[PDB]
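Colleague: Mind looking over this structure? Questions follow.
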Amino acid sequence: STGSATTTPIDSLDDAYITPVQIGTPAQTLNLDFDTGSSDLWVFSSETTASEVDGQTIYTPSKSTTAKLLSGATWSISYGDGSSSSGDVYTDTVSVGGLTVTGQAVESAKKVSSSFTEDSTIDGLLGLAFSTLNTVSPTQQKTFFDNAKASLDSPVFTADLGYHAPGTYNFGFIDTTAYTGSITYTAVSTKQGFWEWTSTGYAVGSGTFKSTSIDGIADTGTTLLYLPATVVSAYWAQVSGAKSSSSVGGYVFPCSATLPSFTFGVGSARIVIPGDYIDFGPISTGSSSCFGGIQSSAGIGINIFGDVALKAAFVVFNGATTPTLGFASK
C-alpha cells in the first residue's frame, strides 16, 4: 500500500505546514501538523476545555462508530518551545492520503497551552519520530508510521516541503520525478528517539566549505534552523547590520539586506538553502528589523534541521531495520 497527501503552509512565512487527515467512521477530516520531532498523534476534540478552543476543527469520538476508549490511558507532552497538552486516548481508524491504519491511538486533548489555542489553522499534531518517545501511559503506543510499516510497499516516507507553496508527504514509495540528481543517504542514530544524523559541514554564501561534524535532528515540526553559535555567528557576520537581540531573542537584520545562501553537507553532497528562505520578515508590523531563519542552538541542547533546511531538499525518512536519512536537491 501507499499514501500521498498535500501539505500546505499555514501562513505567508511558512511558519508550519498542515496536512488533511481522516479520522473515524464516517471520516472526520482534521488538518494536522506532521512532526518528525515527536511521536504523539493528538487532536483538538469534544473533550477539550471549551475555553481553549478558538476556531479549530475538533474530533468527536462519540460520532465515530470505530472509536474505542483506551481505558486508563493518559498522555502528557511538552515541546521544546514550552508548549504543552494532555488528555486521554481513543483508538480509531486513521487515513492519510489513501493509506489507512486501523486501531491507531488517537490522543484526545483535554488541556492545551496558549500557543495551540492561538493557532486556529492547526487541529493537532501527527508525530513521526520513533515510537520510544510516545508519551501514552501506562501502555506506550506506536506512531502512525510504525503501524503502517507492515502494509507499505517500502518502509519509507518522504517530505517535499514547499517554499511559500504547497508540498507533499508520501508514504511507502519514492517519487523519482520529485528530485534532481541522486539521493545521498546518511546514517541515523535512534538512541534519543529522533531522526538524528551528522552533517559534514557548511558554507556561507560563496565562501569555502568548512568540514566539521554537526550532529542534529531532521524535524519537520520546527520552523527554523538551529545550529551551534560558532556557525551562526559566521553566517550573520556576512550581513551588514545583523545583530543578536536579547529583547527579540535571536538574530535580526535590516529588512533592506539581501541574505547569503547557506550550504550544509550530507556526506559528500551539498544542499544549498537560498538566502530568501532565511528571511522571516519584520519582527513586528511595519518594523525595519527582520527576523533571521538561522538561530543558535546554544539554549536548546540540540541542533535542529527544521523546515528552513528541509524545504530546500527532497528528504527520505527510511524506516528499514537500520534507519537512514536521504537528501536530494530539487
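Chain labels A, B, ... are given in the sequence in which chains occur in the C-alpha cells; within each chain residues are numbered consecutively from 1, and ligands are likewise numbered from 1 in the order shown.
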Write out, as JSON lines, each residue of segment 137-197 of chain A that has an atom at most 8 Å from segment 67-90 of chain A, together with the closest pair of atoms and their distance in Å to one decimal, counting only C-alpha atoms, rows going by chain and rising number.
Modeller:
```
{"residue": "A:137", "atom": "CA", "partner": "A:73", "partner_atom": "CA", "distance": 5.5}
{"residue": "A:138", "atom": "CA", "partner": "A:73", "partner_atom": "CA", "distance": 6.3}
{"residue": "A:139", "atom": "CA", "partner": "A:73", "partner_atom": "CA", "distance": 7.0}
```
Colleague: Where does DSSP see alpha helix (DSSP H) in segment 13-137 of chain A, if you list the residues as a PyMOL selection string?
Modeller: chain A and resi 114-118
Colleague: Could you write out that same residue set with C-alpha atoms as a short mmCIF file (atom, residue, chain, number, x, y, z; two decimals), in the first residue's frame?
Modeller:
```cif
data_model
loop_
_atom_site.label_atom_id
_atom_site.label_comp_id
_atom_site.auth_asym_id
_atom_site.auth_seq_id
_atom_site.Cartn_x
_atom_site.Cartn_y
_atom_site.Cartn_z
CA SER A 114 -1.98 29.02 24.85
CA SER A 115 0.22 28.67 21.77
CA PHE A 116 -2.03 25.92 20.40
CA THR A 117 -5.26 27.75 21.22
CA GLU A 118 -3.94 30.85 19.35
#
```
Colleague: Just want the 8 Å neighbourhood of residue 218 of chain A, counted on only C-alpha atoms, with same-chain residues fewer than 4 positions away dropped. Output as an NGL selection string.
Modeller: :A and (36-37 or 194-197 or 304-306 or 310)
Colleague: Counting only C-alpha atoms, which residue out of A:209, A:59, A:202, A:317 sits closest to residue 24 of chain A?
Modeller: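 Using only C-alpha atoms, the shortest distance to residue 24 of chain A belongs to A:59.
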Colleague: Give me, please, the distance in Å between atom CA of residue 253 of chain A and atom CA of residue 230 of chain A, quoted to one decimal.
Modeller: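 Value for the atom CA of residue 253 of chain A-atom CA of residue 230 of chain A distance: 17.8 Å.
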Colleague: Listing only residues of segment 138-223 of chain A within 10 Å of segment 266-277 of chain A, what is the closest atom pair and its distance in Å (to one decimal) for each, using only C-alpha atoms, sorted by chain and residue number ascending, as a tab-separated table?
Modeller:
```
residue	atom	partner	partner_atom	distance
A:163	CA	A:277	CA	7.3
A:164	CA	A:277	CA	9.2
A:182	CA	A:269	CA	9.6
A:183	CA	A:269	CA	9.1
A:184	CA	A:269	CA	6.9
A:185	CA	A:266	CA	7.8
A:186	CA	A:267	CA	6.8
A:187	CA	A:267	CA	9.6
A:197	CA	A:266	CA	9.4
A:198	CA	A:266	CA	7.9
A:199	CA	A:266	CA	5.5
A:200	CA	A:267	CA	5.9
A:201	CA	A:266	CA	8.1
A:202	CA	A:270	CA	8.5
A:203	CA	A:272	CA	8.9
A:204	CA	A:272	CA	9.6
A:205	CA	A:275	CA	8.3
A:209	CA	A:270	CA	9.6
```
Colleague: For residue 104 of chain A, list every protein, DNA or RNA residue within 10 Å, evaluated using only C-alpha atoms, and leave out those in the same chain fewer than 5 positions away; present the list as a VMD selection string.
Modeller: chain A and resid 23 41 67 90 to 95 141 to 144 147 to 148
Colleague: Just write the chosen residues, C-alpha atoms, as a short mmCIF file (atom, residue, chain, number, x, y, z; two decimals), in the first residue's frame.
Modeller:
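So out_10.cif came out as:
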```
data_model
loop_
_atom_site.label_atom_id
_atom_site.label_comp_id
_atom_site.auth_asym_id
_atom_site.auth_seq_id
_atom_site.Cartn_x
_atom_site.Cartn_y
_atom_site.Cartn_z
CA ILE A 23 -10.17 10.12 11.48
CA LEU A 41 -0.87 11.87 17.38
CA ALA A 67 -13.72 4.79 18.07
CA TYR A 90 -9.00 6.51 21.84
CA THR A 91 -8.19 4.02 19.14
CA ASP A 92 -9.80 4.72 15.77
CA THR A 93 -9.26 4.39 12.03
CA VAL A 94 -6.85 6.96 10.57
CA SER A 95 -6.19 7.52 6.87
CA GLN A 141 1.64 3.49 21.74
CA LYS A 142 3.04 3.29 18.22
CA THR A 143 3.13 6.11 15.69
CA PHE A 144 1.05 6.11 12.52
CA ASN A 147 1.58 0.95 12.48
CA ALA A 148 1.56 1.38 8.69
#
```
Colleague: Looking at only C-alpha atoms, which of A:120, A:158, A:247, A:65 is the one that sits closest to residue 7 of chain A?
Modeller: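 Selected residue with least distance to residue 7 of chain A: A:158.
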Colleague: Go through A:15, A:175, A:215, A:52 one by one, measure the shortest atom-to-atom distance of each to residue 311 of chain A using only C-alpha atoms, and give the residue with the smallest value.
Modeller: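 Of A:15, A:175, A:215, A:52, the one nearest residue 311 of chain A is A:15, counting only C-alpha atoms.
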Colleague: Can you pull out the residues contacting residue 21 of chain A? Cut-off 6 Å, using only C-alpha atoms, and skip same-chain residues under 6 positions away; I want them as an MDAnalysis selection string.
Modeller: chainID A and resid 29:30 96
Colleague: For residue 119 of chain A, which of A:162, A:319, A:250, A:55 is the closest residue, counting only C-alpha atoms?
Modeller: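 Closest candidate: A:55.
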Colleague: Ranking A:290, A:156, A:165, A:105 by minimum distance to residue 136 of chain A and counting only C-alpha atoms, which one comes first?
Modeller: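 Among the listed residues, the smallest separation from residue 136 of chain A belongs to A:105.
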Colleague: Near residue 207 of chain A, within 12 Å and counting only C-alpha atoms, which residues show up once chain neighbours fewer than 3 positions away are dropped, as a ChimeraX atom specification?
Modeller: /A:202-204,210,234-235,238,260-263
Colleague: In Å to one decimal, how far is atom CA of residue 307 of chain A from atom CA of residue 150 of chain A?
Modeller: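 Interatomic distance here is 28.2 Å.
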Colleague: Write out as a ChimeraX atom specification the residues lying within 7 Å of residue 38 of chain A, counting only C-alpha atoms and excluding same-chain residues fewer than 2 positions away.
Modeller: /A:35-36,40,127-129,133
Colleague: So the first atom is atom CA of residue 176 of chain A and the second is atom CA of residue 9 of chain A; what is the distance between them in Å, to one decimal place?
Modeller: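 Computed distance, atom CA of residue 176 of chain A to atom CA of residue 9 of chain A, equals 23.5 Å.
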